[PDB]
Each structure stands twice: as structure tokens, then as C-alpha cells.
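Below, each chain spelled out in residue letters.
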Amino acid sequence: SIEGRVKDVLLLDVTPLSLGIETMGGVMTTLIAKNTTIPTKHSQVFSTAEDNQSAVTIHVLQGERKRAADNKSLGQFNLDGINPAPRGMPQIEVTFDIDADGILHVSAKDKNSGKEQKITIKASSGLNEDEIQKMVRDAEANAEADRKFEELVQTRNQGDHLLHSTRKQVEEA
């Protein structure tokens, strides 16, 4: 009775915690999940929020549950200038493929002209379910509740598709 639910890598030689993008609301949505055996390949298409096609911050989030204590850093940057086009499209396909060696080959590929930006994120770590749930108390109550709502949501909550394309305020990692 270990109550496994977050992680499970024993009879699943898969990607390791569930992982895709911090989403609107102070939530976590996976791009590629566990039960996806390496090497993997899977497409997930979304739209930009305030752009039709002009920018996607890529701030990938490796965690699991919907309460955001699922803040494992798979963080990124920003694809920008995808032709002048504002709000709603809804075509920016975001493909997610891991290689067999263990590097995340993910390309935010836009359906404007195939303008893309590929990332190669290393990813090997431990983490457990109350690194996440321990983080739900201290950090889910305050970390991404207030930081992610305030400048990653514009505090309003929404859902999926619109992936919060911030124009100004570049996140200088």
C-alpha cells in the first residue's frame, strides 16, 4: 500500500511524470504522458491565446495532477513573429517526440508556414508523489496559485487550447 498514482516506472518504461505546458488557471496539462514508451512520437495541436499565430512561450511542465504542484521544470522560451496575425486560429500544432536515447525532441510547429522551433531537453530525475503533494500544500496553495495566476494567467482561469501567449514581459530565465 504505497498508493502509487503520480509516478509509475516499473512495468512502464515510459516518459517519467507526465509532461507538457503550464496551462491557464494555474494548472498542469501533460503533452506526453506516462504509458508512452520511449522512443515515443505523438502530436498535440493547440492554438495561441491572444495571437492567431504570432507567439508561443514554451514553458513545458513535467508533473501530473491538475492542482499545480506539478511544476517540474521543462521550462523554455518563446517562438515569436509568426506573421502579423492576432487572436484565435486555431492552428499551431505542437508535436512531442522523445528519442530512444532520452532527449525531448519537441517542435512547436506552426500552421502559418511551418515556422517551427525544436527543443532538445535533457530529462532524467527522481521526484516522488509528495514532492508533488508536499508541494500541493506549501507550494500548490501559494507557488503557482499566486505566481502563475498573476503573470501567467492574468488571473482569470480558462482552460485548454488557448495556451496563454504573452506578448510583452519576456520571461528571462
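Attention here is on the structure that accompanies the text. (Residues numbered from 1 in each chain as written, not as in the entry; some residues may be left out. Heavy atoms only, no water.)

This next bit is on the nonpolar core. Formed by 21 residues in total, the largest nonpolar core has its most connected members in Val60, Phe96 and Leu104. Element by element, the count of residues in this core is highest for strand β6 (residues 92–98), at four residues. Once residues within four sequence positions are removed from consideration, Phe96 is found in contact with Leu19, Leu31, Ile32, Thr40, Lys41, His42, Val60, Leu104, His105 and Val106. (Core = buried A, V, L, I, M, F, W, Y, C linked by side-chain atoms within 4.5 Å. Buried < 20%, exposed > 50% of the residue type's maximum accessible area, 1.4 Å probe, protein only. Helix = DSSP H or I, 4+ residues; strand = E, 2+ residues; numbered from the N terminus. Contact = heavy atoms within 4.5 Å.)

Positionally, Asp97 belongs in strand β6. Despite being buried, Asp97 has no salt bridge partner; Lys41 is the closest side chain of opposite charge, sitting 4.8 Å away. Discounting chain neighbours no more than four positions away, the residues touching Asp97 are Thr40, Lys41, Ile103, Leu104, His105 and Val106. (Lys, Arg positive; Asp, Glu negative; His and termini not counted. Salt bridge = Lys/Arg side-chain N within 4 Å of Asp/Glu carboxyl O.)

To continue, consider unusual backbone geometry. With omega at 10 degrees, the peptide bond leading from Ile38 into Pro39 counts as cis. The omega torsion of the bond from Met89 to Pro90 falls at 5 degrees, within 30 degrees of zero and hence cis. Among the structural elements, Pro90 can be located in the loop between β5 (72–80) and β6. For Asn83, which is not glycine, the phi torsion reads 65 degrees and is therefore positive.

Once that is clear, we can look at the sheet that holds strand β3 (residues 42–46). Within the open sheet, the four strands sit side by side as β3-β6-β7-β8. Their pairing is antiparallel. Sheet topology places β3 and β8 (116–122) at the edges, where each strand pairs with a single neighbour. Pairwise comparison of adjacent strand axes, ignoring direction, gives a mean angle of 20 degrees for this sheet. (Pairing = 2+ DSSP bridges. Axes fitted to C-alpha atoms, helices over the stretch in contact; angles between N-to-C directions.)

The subject of this paragraph is the environment of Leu74. When you line up the elements, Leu74 lands in strand β5. Sequence separation between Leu74 and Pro39 is 35 residues; the distance between their C-alpha atoms is 18 Å. In contact with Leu74, other than residues within four places in its own chain, are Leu19, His59, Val60, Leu61, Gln62, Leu104 and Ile121.

Take the pattern of salt bridges next. Under the defined criterion, the tally for this structure stands at two salt bridges. Across the pair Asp51 and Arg167 runs a salt bridge, and its minimum N-O distance is 3.8 Å. Of the two residues, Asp51 sits in the loop between β3 and β4 (55–62) while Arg167 sits in the segment after α2 (143–152), which places them 116 residues apart along the sequence. By relative accessible area, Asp51 is classed as buried at 3%. For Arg167, a relative accessible area of 64% gives the class exposed. In this structure, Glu116 engages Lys109 in a salt bridge whose closest nitrogen and oxygen atoms are separated by 3.7 Å.

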